[PDB]
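Asker: What follows is structure17.pdb, PDB, C-alpha atoms.
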```pdb
MODEL        1
ATOM      1  CA  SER A   1       0.000   0.000   0.000  1.00  0.00           C
ATOM      2  CA  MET A   2       0.750   3.672  -0.228  1.00  0.00           C
ATOM      3  CA  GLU A   3       0.301   3.970   3.584  1.00  0.00           C
ATOM      4  CA  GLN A   4       2.937   1.200   4.288  1.00  0.00           C
ATOM      5  CA  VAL A   5       5.382   3.142   2.105  1.00  0.00           C
ATOM      6  CA  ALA A   6       4.624   6.519   3.919  1.00  0.00           C
ATOM      7  CA  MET A   7       5.205   4.651   7.226  1.00  0.00           C
ATOM      8  CA  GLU A   8       8.477   3.190   5.899  1.00  0.00           C
ATOM      9  CA  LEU A   9       9.624   6.707   4.793  1.00  0.00           C
ATOM     10  CA  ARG A  10       8.965   7.999   8.418  1.00  0.00           C
ATOM     11  CA  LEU A  11      10.890   5.024   9.945  1.00  0.00           C
ATOM     12  CA  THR A  12      13.709   5.737   7.483  1.00  0.00           C
ATOM     13  CA  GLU A  13      13.824   9.370   8.442  1.00  0.00           C
ATOM     14  CA  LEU A  14      13.679   8.413  12.183  1.00  0.00           C
ATOM     15  CA  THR A  15      16.603   6.092  11.453  1.00  0.00           C
ATOM     16  CA  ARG A  16      18.363   9.038   9.825  1.00  0.00           C
ATOM     17  CA  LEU A  17      17.777  11.216  12.890  1.00  0.00           C
ATOM     18  CA  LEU A  18      18.803   8.431  15.373  1.00  0.00           C
ATOM     19  CA  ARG A  19      21.981   7.782  13.362  1.00  0.00           C
ATOM     20  CA  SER A  20      22.975  11.415  13.890  1.00  0.00           C
ATOM     21  CA  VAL A  21      22.017  11.208  17.647  1.00  0.00           C
ATOM     22  CA  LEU A  22      24.082   8.023  17.932  1.00  0.00           C
ATOM     23  CA  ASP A  23      27.118   9.707  16.390  1.00  0.00           C
ATOM     24  CA  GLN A  24      26.789  12.648  18.741  1.00  0.00           C
ATOM     25  CA  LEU A  25      26.509  10.375  21.820  1.00  0.00           C
ATOM     26  CA  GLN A  26      29.409   8.251  20.744  1.00  0.00           C
ATOM     27  CA  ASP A  27      31.609  11.417  20.393  1.00  0.00           C
ATOM     28  CA  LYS A  28      31.056  11.924  24.120  1.00  0.00           C
ATOM     29  CA  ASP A  29      33.002   8.655  24.642  1.00  0.00           C
ATOM     30  CA  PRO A  30      36.408   9.533  23.176  1.00  0.00           C
ATOM     31  CA  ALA A  31      38.107   6.780  25.174  1.00  0.00           C
ATOM     32  CA  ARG A  32      35.849   4.217  23.371  1.00  0.00           C
ATOM     33  CA  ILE A  33      34.931   2.573  26.677  1.00  0.00           C
ATOM     34  CA  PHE A  34      31.413   1.869  25.403  1.00  0.00           C
ATOM     35  CA  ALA A  35      32.211   1.137  21.741  1.00  0.00           C
ATOM     36  CA  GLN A  36      32.019  -2.654  21.859  1.00  0.00           C
ATOM     37  CA  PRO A  37      30.416  -5.389  24.001  1.00  0.00           C
ATOM     38  CA  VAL A  38      32.114  -6.277  27.229  1.00  0.00           C
ATOM     39  CA  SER A  39      34.295  -9.337  26.271  1.00  0.00           C
ATOM     40  CA  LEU A  40      33.008 -12.578  27.899  1.00  0.00           C
ATOM     41  CA  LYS A  41      36.473 -14.064  27.237  1.00  0.00           C
ATOM     42  CA  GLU A  42      37.997 -11.265  29.401  1.00  0.00           C
ATOM     43  CA  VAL A  43      35.071 -10.878  31.911  1.00  0.00           C
ATOM     44  CA  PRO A  44      33.780 -14.466  32.040  1.00  0.00           C
ATOM     45  CA  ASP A  45      31.374 -13.763  35.022  1.00  0.00           C
ATOM     46  CA  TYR A  46      29.798 -10.673  33.329  1.00  0.00           C
ATOM     47  CA  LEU A  47      26.361 -12.173  32.653  1.00  0.00           C
ATOM     48  CA  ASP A  48      26.094 -13.228  36.295  1.00  0.00           C
ATOM     49  CA  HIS A  49      26.093  -9.448  37.037  1.00  0.00           C
ATOM     50  CA  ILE A  50      24.510  -7.787  34.005  1.00  0.00           C
ATOM     51  CA  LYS A  51      21.464  -9.366  32.443  1.00  0.00           C
ATOM     52  CA  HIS A  52      21.063  -7.142  29.450  1.00  0.00           C
ATOM     53  CA  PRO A  53      24.470  -6.054  28.111  1.00  0.00           C
ATOM     54  CA  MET A  54      24.613  -3.164  25.698  1.00  0.00           C
ATOM     55  CA  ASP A  55      27.171  -1.104  23.780  1.00  0.00           C
ATOM     56  CA  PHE A  56      27.362   1.310  20.839  1.00  0.00           C
ATOM     57  CA  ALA A  57      28.197  -1.316  18.143  1.00  0.00           C
ATOM     58  CA  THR A  58      25.197  -3.427  19.187  1.00  0.00           C
ATOM     59  CA  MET A  59      22.952  -0.274  18.997  1.00  0.00           C
ATOM     60  CA  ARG A  60      24.321   0.518  15.585  1.00  0.00           C
ATOM     61  CA  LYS A  61      23.429  -2.955  14.266  1.00  0.00           C
ATOM     62  CA  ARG A  62      19.864  -2.479  15.559  1.00  0.00           C
ATOM     63  CA  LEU A  63      19.716   1.025  14.139  1.00  0.00           C
ATOM     64  CA  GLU A  64      20.773  -0.083  10.627  1.00  0.00           C
ATOM     65  CA  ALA A  65      18.210  -2.855  10.582  1.00  0.00           C
ATOM     66  CA  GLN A  66      15.650  -0.015  11.329  1.00  0.00           C
ATOM     67  CA  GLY A  67      15.051  -1.797  14.614  1.00  0.00           C
ATOM     68  CA  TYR A  68      14.215   1.323  16.682  1.00  0.00           C
ATOM     69  CA  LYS A  69      10.470   2.149  16.297  1.00  0.00           C
ATOM     70  CA  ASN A  70      10.585   5.360  18.395  1.00  0.00           C
ATOM     71  CA  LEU A  71      13.114   7.458  20.403  1.00  0.00           C
ATOM     72  CA  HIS A  72      12.043   5.772  23.691  1.00  0.00           C
ATOM     73  CA  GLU A  73      13.397   2.361  22.519  1.00  0.00           C
ATOM     74  CA  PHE A  74      16.738   3.976  21.512  1.00  0.00           C
ATOM     75  CA  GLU A  75      17.007   5.788  24.862  1.00  0.00           C
ATOM     76  CA  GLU A  76      16.334   2.513  26.658  1.00  0.00           C
ATOM     77  CA  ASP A  77      19.448   1.010  24.998  1.00  0.00           C
ATOM     78  CA  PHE A  78      21.595   4.124  25.727  1.00  0.00           C
ATOM     79  CA  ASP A  79      20.511   4.044  29.356  1.00  0.00           C
ATOM     80  CA  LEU A  80      21.534   0.328  29.534  1.00  0.00           C
ATOM     81  CA  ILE A  81      25.036   1.190  28.463  1.00  0.00           C
ATOM     82  CA  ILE A  82      25.319   3.709  31.361  1.00  0.00           C
ATOM     83  CA  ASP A  83      23.411   1.839  34.023  1.00  0.00           C
ATOM     84  CA  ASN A  84      25.215  -1.534  33.363  1.00  0.00           C
ATOM     85  CA  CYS A  85      28.555   0.233  33.792  1.00  0.00           C
ATOM     86  CA  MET A  86      27.596   2.040  37.004  1.00  0.00           C
ATOM     87  CA  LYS A  87      26.544  -1.267  38.577  1.00  0.00           C
ATOM     88  CA  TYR A  88      29.487  -3.483  37.452  1.00  0.00           C
ATOM     89  CA  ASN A  89      32.169  -0.938  38.165  1.00  0.00           C
ATOM     90  CA  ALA A  90      32.870   0.856  41.413  1.00  0.00           C
ATOM     91  CA  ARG A  91      32.542   4.611  41.875  1.00  0.00           C
ATOM     92  CA  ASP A  92      36.295   5.186  41.918  1.00  0.00           C
ATOM     93  CA  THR A  93      36.983   3.652  38.481  1.00  0.00           C
ATOM     94  CA  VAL A  94      37.690   5.188  35.113  1.00  0.00           C
ATOM     95  CA  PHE A  95      34.804   3.129  33.773  1.00  0.00           C
ATOM     96  CA  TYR A  96      32.165   4.418  36.224  1.00  0.00           C
ATOM     97  CA  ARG A  97      33.390   7.956  35.767  1.00  0.00           C
ATOM     98  CA  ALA A  98      33.245   7.599  31.954  1.00  0.00           C
ATOM     99  CA  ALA A  99      29.598   6.575  32.271  1.00  0.00           C
ATOM    100  CA  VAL A 100      28.693   9.537  34.435  1.00  0.00           C
ATOM    101  CA  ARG A 101      30.249  11.949  31.927  1.00  0.00           C
ATOM    102  CA  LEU A 102      28.459  10.201  29.012  1.00  0.00           C
ATOM    103  CA  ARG A 103      25.157  10.421  30.833  1.00  0.00           C
ATOM    104  CA  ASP A 104      25.637  14.106  31.623  1.00  0.00           C
ATOM    105  CA  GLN A 105      26.816  15.085  28.166  1.00  0.00           C
ATOM    106  CA  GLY A 106      24.310  12.874  26.388  1.00  0.00           C
ATOM    107  CA  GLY A 107      21.418  14.575  28.254  1.00  0.00           C
ATOM    108  CA  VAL A 108      21.729  17.722  26.128  1.00  0.00           C
ATOM    109  CA  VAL A 109      21.676  15.778  22.817  1.00  0.00           C
ATOM    110  CA  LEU A 110      18.755  13.648  23.896  1.00  0.00           C
ATOM    111  CA  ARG A 111      16.771  16.686  25.081  1.00  0.00           C
ATOM    112  CA  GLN A 112      16.884  18.264  21.606  1.00  0.00           C
ATOM    113  CA  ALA A 113      16.331  14.937  19.835  1.00  0.00           C
ATOM    114  CA  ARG A 114      13.016  14.534  21.720  1.00  0.00           C
ATOM    115  CA  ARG A 115      11.929  18.006  20.583  1.00  0.00           C
ATOM    116  CA  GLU A 116      12.980  17.153  16.933  1.00  0.00           C
ATOM    117  CA  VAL A 117      11.061  13.879  16.927  1.00  0.00           C
ATOM    118  CA  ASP A 118       7.851  15.512  18.330  1.00  0.00           C
ATOM    119  CA  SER A 119       8.357  18.568  16.028  1.00  0.00           C
ATOM    120  CA  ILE A 120       8.970  16.669  12.698  1.00  0.00           C
ATOM    121  CA  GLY A 121       6.455  13.959  13.833  1.00  0.00           C
TER     122      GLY A 121
ENDMDL
END
```
Can you dump the structure from the file as structure tokens?

Answerer:
Amino acid sequence: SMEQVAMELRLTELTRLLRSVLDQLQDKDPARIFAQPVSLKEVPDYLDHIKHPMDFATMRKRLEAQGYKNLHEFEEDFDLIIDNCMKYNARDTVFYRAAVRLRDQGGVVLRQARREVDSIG
């Protein structure tokens, strides 16, 4: 149908907008702490601690399969990256601190993305 196409154009444009948001969030992680999944070879107990692992490469795969239906789903995944880190790692670690800084800096980007998604529909 023509409607299914219209819908697919909106998803594609949402994907376009989320790709830009993703790039902006990932720039706030210059150390690349959150770039890839935590290695289960190197942290063999990880899944005993963290039930839903997440990272930027995994979000990117979902993004490019147009797997985010709305901004809320995408924020859920970004929040997992931060919250997983803040649980697994202690307060006095470079990892925990990297997550706090990502959260704080990401807030600004995500605030305007919400406005852009409501605005453009």

Asker: Distance atom CA of residue 15 of chain A-atom CA of residue 51 of chain A, one decimal place?

Answerer: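 It comes out at 26.5 Å.
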
Asker: What is the atom CA of residue 93 of chain A to atom CA of residue 111 of chain A distance in Å?

Answerer: 27.5 Å

Asker: Can you list, as a PDB file with C-alpha atoms, in the frame of the given file, the residues that the PyMOL selection byres ((chain A and resi 28) around 8) selects here?

Answerer:
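For reference, out.pdb as written:
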```pdb
ATOM      1  CA  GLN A  24      26.789  12.648  18.741  1.00  0.00           C
ATOM      2  CA  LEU A  25      26.509  10.375  21.820  1.00  0.00           C
ATOM      3  CA  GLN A  26      29.409   8.251  20.744  1.00  0.00           C
ATOM      4  CA  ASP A  27      31.609  11.417  20.393  1.00  0.00           C
ATOM      5  CA  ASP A  29      33.002   8.655  24.642  1.00  0.00           C
ATOM      6  CA  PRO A  30      36.408   9.533  23.176  1.00  0.00           C
ATOM      7  CA  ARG A 101      30.249  11.949  31.927  1.00  0.00           C
ATOM      8  CA  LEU A 102      28.459  10.201  29.012  1.00  0.00           C
ATOM      9  CA  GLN A 105      26.816  15.085  28.166  1.00  0.00           C
ATOM     10  CA  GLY A 106      24.310  12.874  26.388  1.00  0.00           C
TER      11      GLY A 106
END
```

Asker: Residue 56 of chain A: which residues within 7 Å, counting only C-alpha atoms, same-chain residues fewer than 4 positions away excluded, as a PyMOL selection string?

Answerer: chain A and resi 34-36+60

Asker: What's the 8 Å shell around residue 95 of chain A, counting all atoms listed in the file, without same-chain residues fewer than 2 positions away, as a PyMOL selection string?

Answerer: chain A and resi 33+85-86+89+93+97-99

Asker: Using the chain letters and numbers from the file, which residues does the PyMOL selection byres ((chain A and resi 54) around 10) grab, as a list in words?

Answerer: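 Residues picked by the PyMOL selection byres ((chain A and resi 54) around 10): residues 34, 35, 36, 37, 38, 50, 51, 52, 53, 55, 56, 57, 58, 59, 77, 78, 79, 80, 81, 82, 83, 84 and 85 of chain A.
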
Asker: Quick one, how far is atom CA of residue 71 of chain A from atom CA of residue 49 of chain A?

Answerer: 27.0 Å

Asker: When the PyMOL selection byres ((chain A and resi 70) around 10) is applied to the file above, which residues end up in the set, as a ChimeraX atom specification?

Answerer: /A:11,14-15,18,67-69,71-75,117
